[PDB]
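Worksheet for the structure shown next.
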Amino acid sequence: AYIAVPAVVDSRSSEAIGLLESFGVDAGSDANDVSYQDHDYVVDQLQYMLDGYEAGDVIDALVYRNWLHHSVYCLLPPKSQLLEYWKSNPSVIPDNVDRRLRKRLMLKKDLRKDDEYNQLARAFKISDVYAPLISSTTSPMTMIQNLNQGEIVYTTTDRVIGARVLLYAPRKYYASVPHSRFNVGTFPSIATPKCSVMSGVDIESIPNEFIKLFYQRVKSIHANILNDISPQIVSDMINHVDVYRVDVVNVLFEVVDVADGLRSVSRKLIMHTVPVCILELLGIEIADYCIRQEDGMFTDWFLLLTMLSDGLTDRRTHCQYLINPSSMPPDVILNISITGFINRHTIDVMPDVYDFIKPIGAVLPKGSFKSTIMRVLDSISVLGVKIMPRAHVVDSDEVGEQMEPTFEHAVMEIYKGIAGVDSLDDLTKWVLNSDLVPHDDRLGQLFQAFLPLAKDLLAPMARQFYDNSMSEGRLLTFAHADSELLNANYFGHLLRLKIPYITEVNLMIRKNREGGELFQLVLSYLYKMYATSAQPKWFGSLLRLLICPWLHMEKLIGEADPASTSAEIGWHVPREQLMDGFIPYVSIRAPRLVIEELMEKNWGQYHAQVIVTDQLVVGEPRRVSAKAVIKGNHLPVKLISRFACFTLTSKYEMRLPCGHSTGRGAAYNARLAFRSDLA
RNA sequence: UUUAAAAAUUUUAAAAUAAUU
RNA sequence: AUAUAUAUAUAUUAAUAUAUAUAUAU
RNA sequence: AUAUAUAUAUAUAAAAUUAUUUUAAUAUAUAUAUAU
Ligand SMILES: [Mg+2]
């Protein structure tokens with residue numbers, strides 16, 4: 001038998017990870033008959049072969065492979081070096097080769113200029129000697145056919161796909177498996193009657209993007225002849241822990257209005273890739289739930305779910321939904337009822353944009369729940385780590401509040417430029433009519449005045465504020481539009497974000513804000529008009545990274561020794577220059593065997609000017625604030641491998657638990673240095 | 001009966017000088 | 001005695017900054 | 001923890017349009033002619 005899965009299957013590691021409990025199969029037992037297959041090199045060959053050929057030809061060829069039929073290529077050097085190898089060590093010559101050619105190669109002459117051997121080599125071709133010879137222009141369908149029928153195939157090129165490539169001659173003449181009745185691996189085929197494909201995982205959620213292309217192309221042409229089997233059917237047929245790889249499903253639920261004992265389904269939705277660990281933690285299963293529980297504010301485990309995922313779309317009309325944040329009708333979600341779970345798979349929580357250790361700027365619209373998400377995020381501290389303290393995050397209003405006329409006060413006086421308004425309430429009435437969605441022309445006349453305030457005041461103030469903030473440690477900073485972080489030249493990762501709710505209603509729900517609620521809302525419209533359209537991309541994309549890796553590591557280092565499983569890596573200054581103390585800058589947490597490996601890495605080729613001060617901090621541990629400015633290069637994440645759970649924010653500060661006296665401050669030209677205990 | 005029209009192609013890849021965006 | 005071209009032959013392949021180790025002194 | 005001398009290694013400076021000038025021995029030896 002043979003089964004194909006949407007994932008890169010390997011015979012070494014895929015047994016360790018399993019992949020079958022991954023996709024949701026109950027293979028767990030003394031099964032030892034589901035033998036995997038090596039498709040790493042096959043994916044690499046597919047990528048290399050799409051470079052020259054066409055995707056349709058390559059995929060429609062590779063689909064007709066009999067993966068349970070062992071075979072192999074072996075490439076020949078070109079004709080010249082081939083003949084050189086025929087000559088030297090001549091007792092390997094196939095008998096097809098011409099009698100004259102063999103009789104002339106068996107001679108010990110220099111072969112400098114043999115008048116007849118030159119002709120005999122000119123009229124010699126490789127294709128006649130070795131029978132199955134693929135081509136330099138094979139037009140690959142015969143490649144897969146010849147791999148299907150036979151044991152060895154002879155190529156004169158490297159662009160081949162289907163099996164491994166073996167060398168024919170020694171390296172000089174070139175330039176620079178048992179079955180188990182339940183074989184599995186990627187790349188479905190239709191070679192036999194027993195090839196099956198495991199359904200249950202959507203096509204748009206496949207993460208590899210080459211397996212994804214292969215599946216799309218094969219499933220749009222061979223839909224009616226493929227054998228689909230779900231994870232339950234596969235289960236019935238059968239019957240250095242990596243962090244940042246989490247299992248995700250999505251929840252199927254509908255809205256219910258249980259008034260006076262009469263159930264009434266109202267709407268059906270899909271939560272779109274909440275991670276499985278959070279559903280396990282919160283104890284979510286098939287039952288009814290109330291998602292407010294008091295005073296019309298969400299119960300906040302529901303808020304955590306909605307903020308840890310992508311967004312929910314209606315199942316009737318396949319479009320996004322954006323559930324209502326208020327508690328006023330027409331639409332109010334007060335009671336839901338989860339009904340099932342569909343496609344499960346792993347994803348890489350580490351975004352590709354994040355490779356170096358640097359600050360993070362998360363742009364959100366105005367009316368989002370930034371305050372409540374901060375209140376909910378500052379509490380988590382898994383292994384005594386405090387993954388996101390409240391002091392490491394920069395509020396969105398801070399850069400505008402630090403001005404003599406603050407920014408919002410500066411824009412409140414904008415009604416003087418209009419032809420005639422005479423008051424802020426008349427401005428809010430002249431802009432949007434008797435609901436939101438203001439008049440676009442009037443909003444444009446207002447934006448032409450709002451813009452110079454944002455380009456001439458806010459940008460110059462922010463260009464200094466973000467520098468001052470970057471000096472004193474990594475911080476997670478928010479904003480109301482990417483243009484704020486782009487005009488003011490912001491350093492760090494620029495993550496746009498978005499929330500699954502209607503943010504414009506929060507601007508009416510919240511009361512005690514400067515100016516009327518209508519003014520806050522018009523201000524949000526102006527920021528949204530100053531936005532430079534680009535994909536906001538689902539706020540949960542960040543919170544999933546923030547939370548998920550720690551929960552997994554808590555299973556591995558839940559009970560080990562804190563001294564043996566810990567570390568900290570900061571800027572070092574020698575015991576002199578007191579006219580040793582290091583600023584932390586990072587706090588690693590990982591098993592002992594990886595701390596041993598991190599203990600020996602360089603960590604010293606990274607420099608920065610640390611400027612210690614003499615100011616005291618109200619916090620308990622007696623410590624003095626400091627600063628630091630990296631010079632040359634930034635710490636890449638590869639050093640802190642995928643097996644440790646580090647922190648993303650940190651303040652710069654030094655503790656002084658010896659001879660308490662703060663003298664004069666200074667700059668010292670620190671050097672990075674690993675700092676753990678004995679372990 | 002002897003003479004003659006002859007091809008005006010490119011975008012010419014790099015290295016130095018000068019002018020410009 | 002010098003050089004140029006003619007035929008052949010032969011060999012042949014073409015500023016600043018930083019890091020590391022040695023030594024001497026503190 | 002540092003200073004000086006030494007040795008080794010590394011990083012840094014672009015694209016386009018226009019016009020002009022230069023890019024088939026490397027060397028020697030024998031036989032031929034010529035010039036100084
Ligand atoms: Mg210019």
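To be explicit about the labels: the chains of the structure tokens are called A, B, and onward in the order shown, and within each one the residues are counted from 1, while ligands get numbers from 1 in the order they are shown.
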At a cut-off of 12 Å, list the chain A residues touching chain D, using only C-alpha atoms (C1' of nucleotides), as a list in words.
-> residues 573, 574, 575, 576, 577, 578, 580, 632 and 633 of chain A
As a ChimeraX atom specification, which residues of range 372-462 of chain A does DSSP assign to helix (DSSP H, G or I)?
-> /A:372-377,390-392,398-401,407-416,424-430,440-462
Counting only C-alpha atoms (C1' of nucleotides), which residues of chain A sit at most 12 Å from some atom of chain C, and what is each one's closest atom pair with its distance in Å to one decimal, listed by chain and rising residue number, as CSV?
```
residue,atom,partner,partner_atom,distance
A:604,CA,C:19,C1',10.9
A:605,CA,C:19,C1',8.6
A:606,CA,C:18,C1',11.3
A:607,CA,C:18,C1',10.9
A:631,CA,C:18,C1',11.2
A:632,CA,C:18,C1',9.7
```
Find the residues near residue 544 in chain A: any atom within 12 Å, counting only C-alpha atoms (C1' of nucleotides), skip ones fewer than 4 places away on the same chain, and give them as an NGL selection string.
-> :A and (244-248 or 273-278 or 304-310 or 347-351 or 377 or 538-540 or 548-551)
Give the strand (DSSP E or B) residues of range 261-375 of chain A, as assigned by DSSP on the backbone, as a PyMOL selection string.
-> chain A and resi 262+265-270+274-275+288-290+294+297+313-314+320+323+335-348+356+360-363
Please, could you write that set of residues out with C-alpha atoms as an mmCIF file, in the first residue's frame?
```cif
data_model
loop_
_atom_site.group_PDB
_atom_site.id
_atom_site.type_symbol
_atom_site.label_atom_id
_atom_site.label_comp_id
_atom_site.auth_asym_id
_atom_site.auth_seq_id
_atom_site.Cartn_x
_atom_site.Cartn_y
_atom_site.Cartn_z
ATOM 1 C CA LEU A 262 -36.123 28.041 22.588
ATOM 2 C CA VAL A 265 -29.375 28.627 15.221
ATOM 3 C CA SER A 266 -28.560 31.944 13.591
ATOM 4 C CA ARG A 267 -25.252 31.768 11.749
ATOM 5 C CA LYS A 268 -22.351 29.398 11.112
ATOM 6 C CA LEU A 269 -18.659 30.267 11.265
ATOM 7 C CA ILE A 270 -15.121 28.839 11.145
ATOM 8 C CA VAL A 274 -6.363 28.317 16.403
ATOM 9 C CA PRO A 275 -3.451 26.287 17.827
ATOM 10 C CA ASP A 288 -22.523 25.397 24.599
ATOM 11 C CA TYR A 289 -20.676 28.431 25.930
ATOM 12 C CA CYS A 290 -21.418 32.020 26.904
ATOM 13 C CA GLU A 294 -20.672 39.727 32.585
ATOM 14 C CA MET A 297 -17.532 42.400 27.721
ATOM 15 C CA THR A 313 -15.691 33.509 7.921
ATOM 16 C CA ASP A 314 -19.363 32.741 7.383
ATOM 17 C CA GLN A 320 -14.907 37.274 6.195
ATOM 18 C CA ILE A 323 -17.948 39.652 14.768
ATOM 19 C CA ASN A 335 -24.118 32.281 23.013
ATOM 20 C CA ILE A 336 -22.164 29.978 20.720
ATOM 21 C CA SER A 337 -21.986 26.197 20.397
ATOM 22 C CA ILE A 338 -18.884 24.440 19.105
ATOM 23 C CA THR A 339 -19.713 21.502 16.855
ATOM 24 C CA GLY A 340 -16.483 20.041 15.488
ATOM 25 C CA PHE A 341 -12.887 20.408 14.385
ATOM 26 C CA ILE A 342 -11.565 20.273 10.820
ATOM 27 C CA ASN A 343 -8.271 20.292 9.043
ATOM 28 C CA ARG A 344 -5.274 19.759 11.312
ATOM 29 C CA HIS A 345 -1.619 20.308 10.433
ATOM 30 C CA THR A 346 1.604 21.906 11.639
ATOM 31 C CA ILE A 347 2.850 25.393 10.801
ATOM 32 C CA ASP A 348 6.062 27.338 11.336
ATOM 33 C CA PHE A 356 17.919 39.228 13.474
ATOM 34 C CA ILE A 360 9.233 45.077 16.885
ATOM 35 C CA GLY A 361 6.696 47.603 15.661
ATOM 36 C CA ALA A 362 3.115 46.324 15.511
ATOM 37 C CA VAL A 363 0.731 48.609 13.627
#
```
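Excluding residue 23 in chain D itself and same-chain residues fewer than 2 positions from it, the residues having an atom within 12 Å of it are residues 13, 14, 15 and 16 of chain B; 21 of chain D, counting only C-alpha atoms (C1' of nucleotides).
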Can you tell me, as JSON, numbers by chain, what residues are no more than 10 Å from residue 188 in chain A when counting only C-alpha atoms (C1' of nucleotides), ignoring any on the same chain fewer than 5 positions away?
-> {"A": [2, 3, 4, 5, 6, 62, 63, 64, 65, 66, 67, 195, 196, 197, 198, 211, 214, 215, 218, 219, 226, 227]}
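Here CA of residue 38 in chain A and CA of residue 72 in chain A stand 13.3 Å from one another.
CA of residue 243 in chain A sits 10.4 Å away from CA of residue 556 in chain A.
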